[PDB]
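There are 2 protein chains.
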Amino acid sequence: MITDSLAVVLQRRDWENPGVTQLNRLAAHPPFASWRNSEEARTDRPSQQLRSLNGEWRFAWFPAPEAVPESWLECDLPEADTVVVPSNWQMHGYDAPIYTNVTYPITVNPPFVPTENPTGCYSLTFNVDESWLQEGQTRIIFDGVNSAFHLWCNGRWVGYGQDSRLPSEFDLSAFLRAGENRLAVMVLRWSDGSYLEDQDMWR
Amino acid sequence: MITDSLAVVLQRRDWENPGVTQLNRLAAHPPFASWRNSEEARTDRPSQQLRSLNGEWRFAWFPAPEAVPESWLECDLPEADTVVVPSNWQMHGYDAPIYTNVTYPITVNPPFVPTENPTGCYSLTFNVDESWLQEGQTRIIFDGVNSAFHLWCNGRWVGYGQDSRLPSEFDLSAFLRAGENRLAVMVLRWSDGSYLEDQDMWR
Ligand SMILES: [Mg+2]
Ligand SMILES: [Mg+2]
């Protein structure tokens with residue numbers, strides 16, 4: 251259903267545009283860990299409230315963002331392999347890593363980016379405890395992403411994140427439903443933001 | 251045709267969001283007037299290249315942005331009156347002017363704005379000389395707009411502008427066609443940007 255559908259969401263494209271770093275992303279804060287017990291915070295014991303999406307992750311790879319199927323958001327593709335996260339897909343060998351000391355690997359036409367950009371979509375299915383849904387606000391957190399990603403929850407568009415190094419937080423409280431909730435994430439190797447960092451390291 | 255259609259374009263809404271001032275808007279520059287002749291620039295004689303969209307303008311008024319018809323972009327509404335531009339619609343008396351010295355007239359919940367915001371849509375039909383289309387780049391310019399507007403050319407979405415006081419330039423070269431071209435502009439009284447200016451003057 252539009253505008254949740256990929257074609258509407260993809261264009262106008264955000265990543266090509268210099269101006270919008272992210273859409274629907276909560277302001278950055280030092281991590282608190284959200285633990286109700288006073289002792290735990292002083293103790294520093296791992297918080298019950300905090301949850302990890304880390305684990306085996308469904309993965310799909312496409313040459314271009316246009317290429318990836320619209321249908322996927324509703325369901326994970328049958329073909330796609332499961333890849334551990336956090337991971338670098340190039341490390342997996344789906345795409346060869348590219349290293350350049352000074353030059354951006356992509357041709358330099360800011361803010362425009364190469365028409366075909368390797369895109370990997372990660373779909374995660376997890377179950378949220380009933381207690382969480384009833385009260386409070388639940389926000390997904392990504393420690394790092396590159397270059398830029400589009401976030402879909404339960405087949406519904408959630409957010410756009412423009413910076414790989416920084417953590418991005420989106421609120422899933424509306425999206426979440428009792429029982430398992432599918433998570434769909436789309437990552438593009440090359441972003442409008444990509445121009446900002448030309449630092450030389452394996453990319 | 252999506253995403254040109256109003257429902258897709260309207261949401262996600264830009265005006266509610268603090269972050270995006272504008273979409274597809276050319277960078278501000280001191281006016282040049284674009285005149286080929288050397289003498290004219292020294293002379294300061296009004297430029298042939300410069301064109302004025304000023305004149306009688308078709309006008310439509312709706313209580314909310316959702317309210318305004320999708321169909322209009324393709325064609326001007328039969329009912330709507332013709333109003334001189336530049337003009338303030340409240341001056342026309344469609345909507346009573348609201349004045350507040352300190353308080354924003356709208357309830358203060360940044361960045362969110364009142365669900366019904368008076369919206370006026372201006373449609374202008376003009377003919378572009380054939381010579382213009384063949385070579386060069388043609389960009390529409392607005393000296394001022396308030397609070398924020400969505401720009402459609404030839405039934406096709408062009409740009410979003412977030413600042414009323416500043417001039418906003420959009421490039422119409424792709425959109426323009428030989429013969430008359432319809433112009434559709436949508437203006438909203440209350441914008442996310444509205445919060446930025448609380449200066450006290452008749453609004
Ligand atoms: Mg360097
Ligand atoms: Mg004041």
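Those protein sequence lines, which keep their order, are chains A and B.
Following this note's numbering, the residues of the first sequence are numbered contiguously, the last one being 453.
Following this note's numbering, the residues of the second sequence are numbered contiguously, the last one being 453.
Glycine included, every Cβ here is placed at the ideal spot set by N, Cα and C.
Return yes when at least one heavy atom of ligand 1 lies under 8 angstroms from the C-beta of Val352 (chain A), else no. Working through the first sequence from its first residue, we reach residue 352 (chain A) at position 102. Indeed, a heavy atom of ligand 1 lies less than 8 angstroms from the Cβ.
For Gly370 (chain B), which residues in the same chain have their Cβ closer than 6 angstroms to its Cβ, ignoring the five residues on either side in sequence? As a working note, residue 370 (chain B) is residue 120 in the second sequence. Cβ within range, chain order: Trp311, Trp339 and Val437.
Less than 9 angstroms between the C-beta atoms of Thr332 (chain A) and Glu290 (chain A), yes or no? As a working mapping, residue 332 (chain A) is identified with position 82 in the first sequence. As a working mapping, residue 290 (chain A) is identified with position 40 in the first sequence. Cβ distance not < 9 angstroms, so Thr332 (chain A) and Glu290 (chain A) don't count as in contact.
Quick one: measure Cβ to Cβ for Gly269 (chain A) and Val270 (chain B), integer angstroms, because I've assumed they're closer than 8 angstroms. As a first step, residue 269 (chain A) is located in the first sequence; it is residue number 19 there, counting from the start. As a first step, residue 270 (chain B) is located in the second sequence; it is residue number 20 there, counting from the start. Sure, about 7 angstroms apart at Cβ, within 8 angstroms.
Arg406 (chain B), DSSP secondary structure in three states: Residue numbering aside, residue 406 (chain B) sits at position 156 when the second sequence is read from its first letter. Strand, per DSSP.
Quick check: the stretch 418-426 of chain A against the stretch 395-410 of chain A, are there 3 or more CB pairs under 8 angstroms? yes
Residue range of the alpha helix (DSSP H) that includes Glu320 (chain A): Taking the first sequence and counting its residues from 1, one reaches residue 320 (chain A) at position 70. Counting along the chain, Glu320 (chain A) falls outside any alpha helix (DSSP H), and DSSP gives it neither H nor E.
State whether the stretch 349-360 of chain A contacts the stretch 440-453 of chain A, with contact taken as three or more CB pairs (one from each stretch) at a distance under 8 angstroms. yes
Using a Cβ cut-off of 9 angstroms (strictly closer), state whether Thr365 (chain B) contacts chain A. Sequence index remark: in the second sequence, residue 365 (chain B) carries index 115 (1-based). No - not a single Cβ of chain A is within 9 angstroms of the one on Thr365 (chain B).
Can you tell which of A:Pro328, A:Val334 and A:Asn367 has the C-alpha that lies nearest to the C-alpha of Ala346 (chain A)? On the first sequence, residue 346 (chain A) is found 96 positions in, with the first residue counted as 1. Nearest C-alpha to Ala346 (chain A): A:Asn367.
Taking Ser373 (chain B) as part of the beta strand (DSSP E), name the residues at either end of that continuous run. Taking the second sequence and counting its residues from 1, the one referred to as residue 373 (chain B) is at position 123. Looking at the DSSP string, the run of the beta strand (DSSP E) that includes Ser373 (chain B) is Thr369 to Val378.
Suppose contacts are defined by Cβ-Cβ distances below 9 angstroms. Is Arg432 (chain A) in contact with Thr388 (chain A) by that definition? One-based indexing of the first sequence puts residue 432 (chain A) at position 182. One-based indexing of the first sequence puts residue 388 (chain A) at position 138. In this structure, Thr388 (chain A) does not lie closer than 9 angstroms to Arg432 (chain A) by Cβ.
Using a cut-off of 9 angstroms between C-beta atoms, extract the partners of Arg262 (chain B) located in chain A. Within the second sequence, the letter at position 12 stands for residue 262 (chain B). Chain A residues near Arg262 (chain B): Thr253, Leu273, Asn274 and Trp407.
Taking its Cβ as the centre, do 16 or more other Cβ atoms sit within 10 Å of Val395 (chain A), making it buried, or is it exposed? Here residue 395 (chain A) refers to the residue found at position 145 of the first sequence. Classification of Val395 (chain A): buried, given that the 10 Å Cβ count is 16 or more.
Which residues of the stretch 421-447 of chain A have a Cβ closer than 9 angstroms to any Cβ of chain B? Give them in chain order. Hits within the stretch: zero.
Counting along the chain, where does the beta strand (DSSP E) carrying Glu419 (chain B) start and finish? If you number the second sequence from 1, residue 419 (chain B) lands on position 169. Where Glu419 (chain B) is concerned, the enclosing beta strand (DSSP E) stretches over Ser418 to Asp421.
Look at the alpha carbon of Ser397 (chain A) and the alpha carbon of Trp322 (chain A), and state the distance between them as a whole number of angstroms. In the first sequence, the residue the question calls residue 397 (chain A) occupies position 147. In the first sequence, the residue the question calls residue 322 (chain A) occupies position 72. Cα to Cα, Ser397 (chain A) sits roughly 21 angstroms from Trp322 (chain A).
State the DSSP-derived secondary structure class of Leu256 (chain B), mapped to helix, strand or coil. Taking the first residue of the second sequence as 1, we reach residue 256 (chain B) at position 6. Helix.
Beta carbon of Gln449 (chain A): closer than 8 angstroms to some heavy atom of ligand 1? Here residue 449 (chain A) is taken as the residue at index 199 of the first sequence, counted from 1. It does: the Cβ of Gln449 (chain A) is within 8 angstroms (strictly closer) of some heavy atom of ligand 1.
Pick helix, strand or coil for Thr388 (chain A), following the three-state DSSP scheme. As a first step, residue 388 (chain A) is located in the first sequence; it is residue number 138 there, counting from the start. Coil.
The beta strand (DSSP E) enclosing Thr332 (chain A), as first and last residue numbers: As a working note, residue 332 (chain A) is residue 82 in the first sequence. Its beta strand (DSSP E) spans residues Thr332 to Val335.
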